[PDB]
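# Survey of secondary and tertiary structure
One letter stands for each residue in the lines below.
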Amino acid sequence: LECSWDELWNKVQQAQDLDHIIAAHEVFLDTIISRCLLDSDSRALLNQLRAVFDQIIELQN
Amino acid sequence: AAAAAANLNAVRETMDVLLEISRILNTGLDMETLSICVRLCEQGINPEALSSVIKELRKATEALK
Amino acid sequence: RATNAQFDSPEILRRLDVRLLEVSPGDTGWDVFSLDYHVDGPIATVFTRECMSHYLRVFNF
Amino acid sequence: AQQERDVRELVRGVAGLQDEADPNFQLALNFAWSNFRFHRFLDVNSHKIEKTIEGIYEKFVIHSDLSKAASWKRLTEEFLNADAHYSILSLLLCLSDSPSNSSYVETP
């Protein structure tokens, strides 16, 4: 949420067309999907990450 | 003759599709039980009634165990 | 109005409202909850339902 | 006629009672017949069931499981080429749902 915010806030404030600002938010958000663990190929990664949340909540019992 | 046996084939593959929709909704039916469930729904009956039936009948074999 | 958000614009705080997704008979409040930012005006041309769906996904993470 | 043999097979399958002179079986038969012959259940509407189908499609997408959601919509479009649709769908829906499922075989 910070490198992406820098590239978005650069590519909106210099841009002089709506076609530029829309196509900047698009790549902003698709890079957020790539950097977060919600891609098609990183699914197993997420399914691993859920397992370390399991033993968190289990511990409170 | 010939179509009357391929029509029930056209029943089987739909019966296989519902075997996916059953397991992705985590239901207590198996493939034999669902066949009786389709025979129930073709004659016309509220499925809330059947669902309440199975929602009691399933709790009357593990409450005695 | 306990937090800082009271001092921002009435429009953007009005657009924050809660939402609930579709229920299941087996359910947990942590499983079905969302905040929905409303889109009013012609701003639909700038922001589509698909970017809302990805917004909801990263919010779930 | 066939409905009676059907309800016997229903009790046999679900309740696991293969003895028909067992009084629990006969009480289950009375319970089934009295549930069927005293209905107080609302009549199903197709539009509400369609809203449920789209909602569970949303739940599949929100938890970032794209192939399972695409297969889910694909299997519904193949199934709906067979009234009785909405009856069996609402049956499976109300019978059991416990939220977004931790499950596999999205490409079988």
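Everything that follows concerns the structure shown earlier in this document.
This brings us to a negative patch on the surface. Negative charge collects at one region of the surface, where A:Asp17, A:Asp19, A:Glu26, A:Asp30 and C:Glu50 lie side by side. Considering every element that reaches the negative patch, the biggest residue donor is helix α2 (residues 18-35) of chain A, with 3 residues. For A:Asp17, the position within the fold is in the loop between α1 (3-13) and α2. In this structure A:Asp17 comes out as partly exposed when scored by relative accessible area, which is 35%.

Counting contacts across all 4 pairs of chains that touch, the top pair turns out to be chains B and D. Between chain A and chain B there is no contact; the minimum C-alpha to C-alpha separation amounts to 18 Å. With no contact formed, the shortest span from any C-alpha in chain B to any C-alpha in chain C equals 10 Å.

Okay, the interface of chain D and chain B next. At the junction of the two partners, chain D supplies 36 residues and chain B supplies 36 residues. Broken down by secondary-structure element, the contributors of at least two residues to the side of chain D that touches chain B are α1 (2-15), α2 (23-37), α3 (46-62), α4 (66-79) and α5 (84-95) of chain D. The element that contributes the greatest number of residues to the side of chain D that touches chain B is α5(D), accounting for 8 residues.

Let's shift gears to empty space enclosed by the protein. Empty space within the largest cavity amounts to approximately 40 Å³. Take the lining of the largest cavity: its biggest share by element is 3 residues, from α5(D). Considering only enclosed or pocket space, the second largest cavity measures out at about 30 Å³ in volume. In terms of lining residues, the second largest cavity is bounded by B:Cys41, B:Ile45, B:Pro47, B:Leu50, D:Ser87, D:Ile88 and D:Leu91. Mapped onto the lining of the second largest cavity, the elements with two or more residues apiece are α3 (47-57) of chain B together with α5 of chain D. Per element, the largest residue contribution to the lining of the second largest cavity is 3 residues, and it comes from α5(D). Counted by class, the lining of the second largest cavity contains 6 nonpolar, 1 polar and no charged residues.

With that out of the way, let us pick up the pattern of salt bridges. Summed over all chains, the structure comprises 10 salt bridges over all chains. One network of salt bridges, with partners in common, ties together C:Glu11, C:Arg14, C:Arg15 and C:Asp40.

Another point: the packing of aromatic side chains. Enumeration over the complete set of coordinates arrives at 2 aromatic pairs over all chains. Seen in terms of ring centroids, A:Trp5 and A:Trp9 are 5.3 Å apart; in terms of plane orientation they differ by 20 degrees. Their pairing is stacked. Taken together, the positions of A:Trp5 and A:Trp9, both in helix α1 and 4 residues apart, correspond to about one turn of that helix. For A:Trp5, a relative accessible area of 44% corresponds to the partly exposed category. Ring geometry for D:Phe60 against D:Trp72: centres 6.4 Å apart, planes inclined by 80 degrees, an arrangement best described as edge-to-face. Of the two residues, D:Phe60 is situated in helix α3 and D:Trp72 in helix α4; the sequence distance between them amounts to 12 residues. Residues D:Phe60 and D:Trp72 agree in their burial class; the two are buried. Over the ring of D:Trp33 we find D:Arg37, and its NZ or CZ is 4.0 Å from the ring centre. For the cation-ring pair, D:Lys73 lies above D:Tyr57, with the distance from its terminal atom to the ring centre recorded as 4.6 Å.

The rules we used
Residues numbered from 1 in each chain as written, not as in the entry; some residues may be left out. Chains lettered and ligands numbered in written order. Part of a larger assembly, values for the part shown. Heavy atoms only, no water. Residues with missing side-chain atoms left out of burial classes, pairs and counts. Patch = residues over 30% accessible without salt bridge, like charges linked within 9 Å, V, L, I, M, F, W, Y side chains within 5 Å. Areas by Shrake-Rupley, 256 points an atom, 1.4 Å probe, with all protein chains shown as cover. Salt bridge = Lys/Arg side-chain N within 4 Å of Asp/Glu carboxyl O. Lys, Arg positive; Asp, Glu negative; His and termini not counted. Charge placed at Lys NZ, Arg CZ, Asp CG, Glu CD. Helix = DSSP H or I, 4+ residues; strand = E, 2+ residues; numbered from the N terminus. Buried < 20%, exposed > 50% of the residue type's maximum accessible area, 1.4 Å probe, protein only. Contact = heavy atoms within 4.5 Å. 1 Å grid on protein atoms, 1.4 Å probe; cavity = no way out; pocket = protein on both sides within 12 Å on 5 of 7 lines; lining within 4 Å. Points joined across faces, edges and corners; volume = space filled by probe spheres on them. Nonpolar A, V, L, I, M, F, W, Y, C, P; charged D, E, K, R; others polar. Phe/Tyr/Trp six-rings, centres within 6.5 Å; stacked < 30°, edge-to-face > 60°. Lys NZ or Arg CZ within 6 Å of the ring centre and 35° of its normal.

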